[PDB]
Each structure stands twice: as structure tokens, then as C-alpha cells.
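Notes to accompany the following structure.
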Amino acid sequence: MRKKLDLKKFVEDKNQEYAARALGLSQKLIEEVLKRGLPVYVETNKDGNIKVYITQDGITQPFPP
């Protein structure tokens, strides 16, 4: 939702654990987005639940695994 950010900077807060803790995806996947620097978005709700509107295959899917 227009909320895009350098996932690297987000991970840099602690590591991939925090980024994977706040977001909804595996670590390896986080690598895919982090190392490859793909267009990743995160739309938080309130209590902490957030979606990951990432850009791959030509679609913005909110990593809901």
C-alpha cells in the first residue's frame, strides 16, 4: 500500500530474526528479498500483525504463510 522500504534497513535493526518476526515469511525467503533487494512492502495493522506486499511475478502479494 505505497508503504515500501529498504528491507535491508529493517533487518539491520537486529537481523533477519526481527524482520521475520514482524513480517510473515521464512528466513530464506527474507534472504531472497533482502539480498536480491526486491520491492517489498509492509502494511501493519495494530497489535503487530502486518502484511508483506512484495513485488514478484508482476503482482503484489502480502506474504500470508
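Convention: chains lettered A, B, ... in C-alpha cells order; per-chain residue numbering from 1; ligands numbered from 1 as shown.
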
### Message
Please list as a list in words every residue within 10 Å of region 20-37 of chain A, counting only C-alpha atoms and excluding residues in the same chain fewer than 2 positions away.
### Response
residues 6, 7, 8, 9, 10, 11, 15, 16, 17, 18, 39, 40, 42, 43, 44, 48, 49, 50, 51, 52, 54, 55, 56, 62, 63, 64 and 65 of chain A

Residues from last step as file, C-alpha atoms, as a compact mmCIF listing (two decimals), in the first residue's frame:
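What landed in again16.txt:
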```txt
# COMPACT_ATOMS: atom_id res chain seq x y z
CA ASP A 6 14.67 -0.98 2.16
CA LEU A 7 14.04 -4.35 3.85
CA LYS A 8 17.78 -4.31 4.47
CA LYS A 9 17.41 -1.29 6.76
CA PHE A 10 14.55 -3.06 8.54
CA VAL A 11 16.64 -6.19 9.01
CA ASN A 15 18.92 -9.16 11.85
CA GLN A 16 16.63 -11.47 9.87
CA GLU A 17 15.00 -12.73 13.06
CA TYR A 18 13.33 -9.41 13.85
CA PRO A 39 10.29 -4.36 -3.98
CA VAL A 40 8.89 -5.38 -0.60
CA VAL A 42 4.77 -3.92 4.82
CA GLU A 43 1.31 -2.71 5.91
CA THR A 44 0.98 -3.11 9.70
CA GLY A 48 1.70 -6.06 15.31
CA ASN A 49 0.17 -8.17 12.55
CA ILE A 50 1.39 -6.96 9.18
CA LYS A 51 1.29 -7.95 5.53
CA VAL A 52 4.20 -8.08 3.08
CA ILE A 54 6.10 -7.78 -2.21
CA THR A 55 6.60 -7.40 -5.97
CA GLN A 56 7.29 -10.67 -7.82
CA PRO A 62 1.13 -9.99 1.05
CA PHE A 63 3.23 -12.99 2.14
CA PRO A 64 0.49 -14.71 4.23
CA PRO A 65 2.25 -18.06 5.11
```

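DSSP on the backbone gives strand (DSSP E or B) for these parts of chain A: residues 4, 41, 43, 44, 50, 51, 53, 54, 55, 56, 59, 60, 61 and 62 of chain A.
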
### Task
Run DSSP on the backbone and grab whatever in chain A lands in helix (DSSP H, G or I); send it over as an MDAnalysis selection string.
chainID A and resid 7:11 16:22 27:35

Go ahead and save the residues from that selection, with C-alpha atoms, as a PDB file, in the first residue's frame.
```
ATOM      1  CA  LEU A   7      14.038  -4.351   3.849  1.00  0.00           C
ATOM      2  CA  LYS A   8      17.783  -4.308   4.466  1.00  0.00           C
ATOM      3  CA  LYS A   9      17.409  -1.291   6.758  1.00  0.00           C
ATOM      4  CA  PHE A  10      14.546  -3.063   8.540  1.00  0.00           C
ATOM      5  CA  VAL A  11      16.644  -6.194   9.007  1.00  0.00           C
ATOM      6  CA  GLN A  16      16.632 -11.468   9.870  1.00  0.00           C
ATOM      7  CA  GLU A  17      15.001 -12.726  13.056  1.00  0.00           C
ATOM      8  CA  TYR A  18      13.327  -9.408  13.852  1.00  0.00           C
ATOM      9  CA  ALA A  19      12.367  -8.875  10.237  1.00  0.00           C
ATOM     10  CA  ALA A  20      10.971 -12.407  10.091  1.00  0.00           C
ATOM     11  CA  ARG A  21       9.314 -11.955  13.474  1.00  0.00           C
ATOM     12  CA  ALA A  22       7.499  -8.779  12.481  1.00  0.00           C
ATOM     13  CA  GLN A  27      14.309 -16.638   6.737  1.00  0.00           C
ATOM     14  CA  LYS A  28      15.470 -17.981   3.375  1.00  0.00           C
ATOM     15  CA  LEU A  29      12.684 -16.025   1.775  1.00  0.00           C
ATOM     16  CA  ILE A  30      13.799 -12.946   3.654  1.00  0.00           C
ATOM     17  CA  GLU A  31      17.143 -13.524   2.059  1.00  0.00           C
ATOM     18  CA  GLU A  32      15.558 -13.593  -1.366  1.00  0.00           C
ATOM     19  CA  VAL A  33      14.004 -10.197  -0.709  1.00  0.00           C
ATOM     20  CA  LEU A  34      16.904  -8.779   1.298  1.00  0.00           C
ATOM     21  CA  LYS A  35      19.965  -9.912  -0.700  1.00  0.00           C
TER      22      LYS A  35
END
```
